[PDB]
Amino acid sequence: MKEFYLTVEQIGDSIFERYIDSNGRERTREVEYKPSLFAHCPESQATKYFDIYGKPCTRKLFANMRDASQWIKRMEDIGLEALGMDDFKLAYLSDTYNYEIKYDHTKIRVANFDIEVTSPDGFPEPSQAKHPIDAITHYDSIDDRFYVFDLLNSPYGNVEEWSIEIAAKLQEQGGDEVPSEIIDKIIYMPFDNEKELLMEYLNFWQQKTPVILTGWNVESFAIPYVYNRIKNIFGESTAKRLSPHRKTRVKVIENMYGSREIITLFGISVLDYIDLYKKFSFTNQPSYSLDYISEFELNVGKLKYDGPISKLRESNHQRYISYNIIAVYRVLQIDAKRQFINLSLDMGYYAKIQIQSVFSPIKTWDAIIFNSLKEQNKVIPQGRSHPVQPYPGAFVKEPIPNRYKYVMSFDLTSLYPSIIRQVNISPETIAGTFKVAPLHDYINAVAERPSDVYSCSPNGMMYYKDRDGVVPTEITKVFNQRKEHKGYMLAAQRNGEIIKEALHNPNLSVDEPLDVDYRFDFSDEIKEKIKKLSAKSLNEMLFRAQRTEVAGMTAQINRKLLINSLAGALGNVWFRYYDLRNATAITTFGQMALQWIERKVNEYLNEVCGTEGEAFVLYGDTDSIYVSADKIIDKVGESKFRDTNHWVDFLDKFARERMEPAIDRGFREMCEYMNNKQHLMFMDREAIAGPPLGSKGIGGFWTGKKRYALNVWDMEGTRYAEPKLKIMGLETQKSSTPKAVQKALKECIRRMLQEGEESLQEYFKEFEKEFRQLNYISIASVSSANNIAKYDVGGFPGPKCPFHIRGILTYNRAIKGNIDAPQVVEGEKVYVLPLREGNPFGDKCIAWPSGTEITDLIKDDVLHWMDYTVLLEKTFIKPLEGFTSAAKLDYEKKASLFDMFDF
DNA sequence: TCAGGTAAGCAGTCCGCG
DNA sequence: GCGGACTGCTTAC
Ligand SMILES: [Ca+2]
Ligand SMILES: [Ca+2]
Ligand SMILES: [Ca+2]
Ligand SMILES: [Ca+2]
C-alpha cells in the first residue's frame, strides 16, 4: 500500500516523522532535511525556477534548517525577498509525499481520554497540580478498548474497587448506566498508589502512543495536569515521556487573573474536541460542559450526582469511575455522529499539513497553494508585513418592516468562491486597473464597459482571462468536493421528509427497516415499500436518514467554510497572498451582482405583469433576494388551489420555468459587461413561504436588516412534511436569549405565521401566566464575558461596566471565602439575572458560569430576589413587541376602561 | 494563547437636554 | 424619557 505520514515535527536541524510504511506498519525516523529557498537572479541564469509573476529565481540548497532561517534574517536586513517555503516541515512533506495521499484511518492511532482529580480547596489548578490524579480513562481507536486507571488509596480517601456489574445496571436499579455496548470493551486496572498508576500509564502510552489525541477540554485541563503532576512527582524528563520525541513546549501563563497552562507535546496531534466542535459544528451554545453538548447532540441525560464534585470519590467511588468512563465515550458518540475527526484527517492530508493545523485556514491554504505551485516549478513569495485596515464587504437591502404573505427567495451558489473563479481573481493574474464609475452606474448598466480585453470587478481591478490563477484552480477543486457532499446531504434530507410523511400513516405490521443508501433519492419501489412500513421501522429509518444528513452536513459545510475562508484570508494580514485589491474585488463584485439582479427581477416581473416600476424584490443580503409572490397567487385566484401543496407546486414551477431563466439571462449579460472569464453566477430558488391555505397566518415578516421570519414549505427542493419556520437573526436564534424564552418566542412566531393574531394572543397569556413558575436557569440570560479585569476597579463595577461584567463582579463579592464555589473564567460564558432593588447582593444583577447551578450558599437568595418583572419585560415582551409591530399585529388587547366585571 | 472576512441588529452606559 | 455616541456581544451572510 501507499505510504503516508502521521505526524511531523522540526526539532533543530532534525525533522522527526512518524508514518505508515508500504506494509501498513508504524515506523519513525529522524531526518536532517536539506531545505531550499530562493532569490531573484539576473535574466542571464538559465534556471527552471520562476516566481508566480514569472521572474527568474536561483535555488539555494542549505546544509541545514538553521542556516536557512539564518539566511532569511540576513536577507531581511539586506532588504531582499527570500522566496520559498519558510515552514520547512511543510516543504519536507511536499517532497516526501509527492502525490495525492490515500490514507487509511484504521492504521492511525486515535486516542480519547480524560482524568479525575479530587480537590478540597477549589478548582484543581493544572499549573500547580498539587492534588493526586485519582482516575484516568483512555480509549484506543486501534484496540477499540477503554483502559481505566483507578486509584484506591489517596490522602483524600481510601475507596473500594469499581464494579463493572453495578456500572452496567440502570440508574433506576442503583447502577450507573454505563452503555451496554462498551461494557465488554473496558479493561479495568486498579492501583494501590498514585505513583504506580502514573508509571503504568506512562508505559502503555509508549506502547500505544497517540497520533491523534482528543477528548473534552484535554488541551486546557487533562494534558497539562497529567504533564505537571508527573513533573511534580517524578520530575521533568520522565514527564517528557508523554512525547515520542521527549520534547515539550510549555507556553503559557495566560493571566490575568490568572493564570493557566498549555502543553505542546512534539510528535502528537492534539485535536481538542471542544475546539473541533467550536470550529466545525456551526452552533453557538450557551454552555460547553460535556453534559450540555451531549444532551444537545445525542439526547442523553445529564450525569447527576449528590453533593459537590470535591466529595464525589469519597461518597460514591463507584459512580465517580463510571462517570469518568461515560465522559470519554460521549465524545466518541458525538464524533460518530458529527465526524469531525474524519473531516480533520481528510483536510489535513489533502493540504499536506500537520493535522492540528486544520484549525487554521491560512496554514491550510498556504500549503495547498505551495504544493500547487511547487508542482509547476513555481516559487512562492515571502510573507510580508501589512497594517490591519478596514475594507468594504457586502450589500444588504433595507426592507420595509411589514408582514409579507407569499415569498420566494433566490440565492447564488457558493458566491465568493464563484466570483473568484468567474473573474479569475488571484495574486498572479492581476493585469492592471481601470477608472472606476460609481457602483450604481455598473448596477444600472449605464457606465462605460470597463474592459474589452480583461476580466473585471467594479472595484477597478482587471485580471488576465487567458491563464488560470492558482487561487481559482485550487478553490475550484475544493468547491467540486463540497458540491458532491451537499448533493448527498440534500438527498438524505429529502428522504427524511419522505419517511416523516409516511409516519403520518404508519402501518400495523412487523416489519423491518429497509436496507437502503440514504445518500441517494429513494426510487418509486422503495417509496411504495416505505408507505407500507410500521412506525418502529419508519422511526429507525428516520434516525439513519438524519445521521446520513448530519455526516453530509459536516462534510459539505466545512468545505464551504474552507473555500469561503480563502476569500477572507486575502483580507487577513498573516496570509502570504494578502491583498486588499483582491479581497475587495470579490466583495464589490458581490455588491454589484446582488443589486444588478434585483433590478433584472423587478424588470422581468413588471414586464410579465404588464406594469412598470413596481418593486417585487423586498429584501436581499449579500447574495440572496426575497421576492413578493402575492400578485402571482392573487392573479390566479387562491380558491383555485385544492390545498397548500397545490400553490407551493405552482410557485415552484413559476420560479423554475419563468424566473430562473430570466435570472440566468440577467447574469450572463453581467458577465459580458465585466468581460469575465466564465459565467458562474448561478442563482437558484431557495425558499417558498406562505401561510397554510385557508388560515389567518401572516406567512412571514421583516423587522429590519438581518431580522425576519418565514413559514417555509419547500427549501432548495426539499418539500417538508410539515411547514418549517425559517427564523433569521431574531431572539429565538440567539444563544444569549433564555432557553424558555427561545421556545416561547418561536411559538409566538409560529402562531403569527400559521394561525394568526387571536392564536398569538391566546398563547401570550398562557406563557405570561406560567413564567414565574419556570426554572431559573431556563429563564436566565447568557453572555460571553471578556475583559473582566478592565472594568474591575473594586472589585466593584468600573466606568462603563457592561451589565453582564457587573453581574460577574457582584458574583465575586459573595463567594469570597467559599472554597467550593466555581470561578468565572475569562472568555467563558455566564448566566445573568436581574435583582430586585434592596437585595443583599448590593447590585442590580448577578452572573455565574453558564452550564452550572449557582452555589448552594447563595442560590436561595438569588431565587428570592430575582426580578421576574424586569426579566420578562427584557427577554420576552420587548422582542415580541418588535415582531408584532413590524407585522402590524397585537399580542395583547386594549387596556382600557372595562373590565365589565361579573360577580 | 499567535493569525478567514464585513454588515449590522439590540442591550446597555453615559450623558445632554431649559 | 428619549436620542446619540459609544462598547459589547452575537448574529447573517
Ligand atoms: Ca449562497
Ligand atoms: Ca446494507
Ligand atoms: Ca402507511
Ligand atoms: Ca445567502
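In what follows, chains carry the letters A, B, and so on, assigned in the order in which the sequence lines appear, proteins first and then strands, with residues in each chain numbered from 1.
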What's the [atom1]-[atom2] distance between [X] and [N], to the nearest Å?
X	N	atom1	atom2	value
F803(A)	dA11(B)	CZ	P	12 Å
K790(A)	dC9(C)	NZ	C1'	13 Å
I586(A)	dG5(B)	CD1	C1'	10 Å
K800(A)	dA11(B)	NZ	P	22 Å
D87(A)	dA3(B)	CG	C1'	14 Å
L730(A)	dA8(B)	CG	P	17 Å
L809(A)	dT13(B)	CG	P	13 Å

**Prompt:** In a check of side-chain hydrogen bond (donor to acceptor under 3.5 Å, both in side chains) between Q556(A) and each of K486(A), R482(A), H485(A), which one passes?
**Reply:**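 Output: one option passes, namely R482(A).
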**Message:** Using the side-chain hydrogen bond (donor to acceptor under 3.5 Å, both in side chains) definition, which of the options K734(A), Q733(A), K829(A), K278(A) pairs with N284(A)?
**Reply:**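 With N284(A) as partner, side-chain hydrogen bond (donor to acceptor under 3.5 Å, both in side chains) holds for just one option, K829(A).
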Starting the side chain at C-beta, find the nucleotide from [options] nearest to [X].
X	options	answer
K251(A)	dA8(B), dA12(C), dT1(B)	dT1(B)
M728(A)	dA11(B), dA12(C), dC10(B)	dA12(C)
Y708(A)	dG5(B), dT1(B), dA12(C)	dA12(C)
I362(A)	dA12(C), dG9(B), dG4(B)	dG4(B)
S784(A)	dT10(C), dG9(B), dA12(C)	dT10(C)
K844(A)	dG4(B), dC9(C), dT13(B)	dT13(B)
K706(A)	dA7(B), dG9(B), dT7(C)	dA7(B)
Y391(A)	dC14(B), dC9(C), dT6(B)	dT6(B)
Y791(A)	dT1(B), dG4(B), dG8(C)	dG8(C)
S783(A)	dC9(C), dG5(B), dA7(B)	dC9(C)

**Request:** For nucleotides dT13(B) and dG1(C), find the distance between their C1' atoms and express it as a whole number of Å.
**Result:**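 These two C1' atoms come out 15 Å apart once rounded.
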**Message:** Rounding to an integer number of angstrom, what distance separates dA12(C) and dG4(B) when you compare their P atoms?
**Reply:**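 Taking atom P in both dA12(C) and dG4(B), they lie 22 Å apart.
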**Asked** Quick check: are there more than 12 heavy atoms from other residues, nucleotides or ligands sitting under 6.0 Å from NZ of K746(A)?
**Response**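 Count not over threshold, so no.
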**Prompt:** When you look at NZ of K89(A), are more than 12 heavy atoms from neighbouring residues, nucleotides or ligands closer to it than 6.0 Å?
**Reply:**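 Enclosed: over 12 neighbouring heavy atoms sit under 6.0 Å from NZ of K89(A).
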Within the structure, does a side-chain N or O atom of [X] lie under 4.0 Å from either OP1 or OP2 of [N]?
X	N	answer
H804(A)	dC9(C)	yes
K705(A)	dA12(C)	no
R260(A)	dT1(B)	no
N572(A)	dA3(B)	no
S781(A)	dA11(B)	no
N564(A)	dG5(B)	no
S735(A)	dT11(C)	yes

**Asked** Can you tell me how far the NE2 atom of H386(A) sits from the CG atom of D579(A), to the nearest 0.5 Å?
**Response**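 These two atoms lie 8.5 Å from each other.
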**Item:** Closest heavy-atom pair and its distance - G882(A), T703(A)
**Value:**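 Minimum heavy-atom contact is O-CG2, 3.9 Å.
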**Request:** Could you tell me whether the side-chain ring of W574(A) sits stacked on the base of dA3(B), using a centroid cut-off under 5.5 Å and a plane angle under 30°?
**Result:**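 Here the ring of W574(A) and the base of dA3(B) are stacked, with centres under 5.5 Å and planes under 30°.
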